[PDB]
Amino acid sequence: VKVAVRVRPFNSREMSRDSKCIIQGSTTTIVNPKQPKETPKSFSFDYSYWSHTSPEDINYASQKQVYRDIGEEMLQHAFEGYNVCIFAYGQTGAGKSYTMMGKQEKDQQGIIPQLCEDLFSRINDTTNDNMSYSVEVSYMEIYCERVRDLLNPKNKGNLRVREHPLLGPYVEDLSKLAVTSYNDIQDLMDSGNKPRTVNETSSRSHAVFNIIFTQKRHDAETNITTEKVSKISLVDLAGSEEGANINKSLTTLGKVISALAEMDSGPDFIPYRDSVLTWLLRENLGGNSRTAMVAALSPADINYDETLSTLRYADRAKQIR
Ligand SMILES: Nc1ncnc2c1ncn2[C@@H]1O[C@H](COP(=O)(O)OP(=O)(O)O)[C@@H](O)[C@H]1O
Ligand SMILES: [Mg+2]
């Protein structure tokens, strides 16, 4: 797996913009009529999430759905070790926040909230007297190559993304604290999401919600616990590139995709330092550790270029490991 796209019914700016929809299969239809042409195409897109109507519409991409499809499977791999990713990419107002952290009230949740929950349930259901996992998580915002401990509001004893000669990239301490208890964990997020509030320009940033699943198996053959960790990173990178303000953020990443998108002739040295964001995630992005994506589109015809822009180099995610 690795890719999917999701469209949002309509937002105010749209609702009053007397703008209807262009995006109507398993693939994305994309028209424009304000040029003539019929194109572009539909593109593969493992998943072309249809959520244009109302959660009452039988034909509706339910929240629980997107999870049981991308997240669920993505959580499974974790148990069997192997790290994983899930980025919500977009165009400001595309639907990234919802599809990752939705809304607190019953129903309207993201994959994050559901994923942990699963994890948590996954762990307490138990089955054997030697589990021992312990949940370790962190919530950072990457703004102008300038992280921020959404977990610990006043941070401290920090700087940027440092590289551990062997353990891989990380950051100066930051904030890392177990808790074990969905509710305990659930809370963390909350506090976090709030740590950011300047239109909310919290957009020119990207929030990484990474968790450290450590697995300790008991031998039952010459006592010998076995440390089996997995890294679970879900991000909501910036979106939409009138284009007041720039910064590596995008590009950095904008560079990686061209990379993982470049095999030719049957089946590398990988270029991501040049991509601070990719930095944060080594193996999980450069070979090893499966990875899936979610793009959120806007039904508005007033947004046919940016969105379309999204579809294309979304379709582009087809080549690497
Ligand atoms: N599939 C969906 N179902 C219901 N509401 C949605 C959906 N997708 C987006 N939204 C709406 O859009 C808003 C959030 O979009 P958002 O994730 O914040 O944008 P972005 O992350 O691209 O900046 C919410 O207030 C929500 O009502
Ligand atoms: Mg947002």
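Coordinate-derived values only; no laboratory data. Reconstructed Cβ throughout: ideal geometry from the backbone, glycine too, with neighbour counts over all protein chains shown.
How many angstrom separate the Cα center of segment 149-203 from the Cα center of segment 6-46? When both Cα centres are located, 36 Å separates them.
Simple point charges give the picture: +1 on the Cβ of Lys and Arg, -1 on the Cβ of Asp and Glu, and for segment 169-292 a dipole about the Cα centre of about 120 debye. Under a 5 Å amide H cut-off, with hydrogens placed 1.01 Å from N, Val161 pairs with nothing among residues at least 5 apart or on other chains. What residues of segment 219-250 lie in the reach of a label at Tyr82, counting those whose backbone N is under 16 Å from a point 7 Å from the Cα along Cα→Cβ? Label zone hits: 229-233. All Cα-Cα distances of segment 204-296, cut into 5 Å bins from zero to the largest, leave 3, 10, 18, 20, 15, 12, 8, 6, 5, 3, 1, 0, 0, 0 percent in each bin in turn. Just the number, please: percent antiparallel of the DSSP beta bridges in the chain, rounded to the nearest 5. Within the chain, antiparallel bridges account for around 65 percent of the total.
Here the chain is assigned +1 on the Cβ of each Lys and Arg and -1 on the Cβ of each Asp and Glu. Its dipole about the Cα centre then comes out at about 760 debye.
For the peptides 144-152, 129-137, the ranking by mean Cβ contacts within 10 Å, running from highest to lowest, is 144-152, 129-137. Considering only Cα atoms, the convex hull volume of segment 1-160 works out to 198 Å³ per residue. When the charge dipole of the chain is built from unit charges on Cβ atoms (+1 for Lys and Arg, -1 for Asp and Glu) and taken about the Cα centre, the candidate among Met100, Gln215, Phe43 whose Cα reaches farthest toward its positive end is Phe43.
Report the residues of segment 265-291 in range of a label on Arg162: point 7 Å along Cα→C-beta, backbone N strictly under 17 Å from it. Answer for segment 265-291: 280. Taken as Cα centroids, segment 269-321 and segment 112-147 sit 24 Å apart, rounded to the nearest whole angstrom. Measuring from a point 7 Å past the Cα of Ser16 along Cα-to-C-beta, which residues in segment 264-308 have an amide N at less than 19 Å? Hits in segment 264-308 for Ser16 at 19 Å: 299-303. For segment 32-88, the fraction of alpha-carbon pairs lying more than 16 Å apart is 63 percent, rounded to a whole number.
Each residue of the chain gets 171 Å³ once the volume of the Cα convex hull is shared out per residue. Using a simple spin-label model with pseudo-atoms 7 Å out from Cα toward Cβ, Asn130 and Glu262 lie 4.7 nm apart. Restricting the calculation to Cα atoms, segment 177-234 yields a radius of gyration followed by a Dmax of 17.3, 60 Å.
Our estimate of slack between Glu117 and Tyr170, defined as 0.36 nm per intervening residue step minus the Cα-Cα distance, is 16.5 nm.
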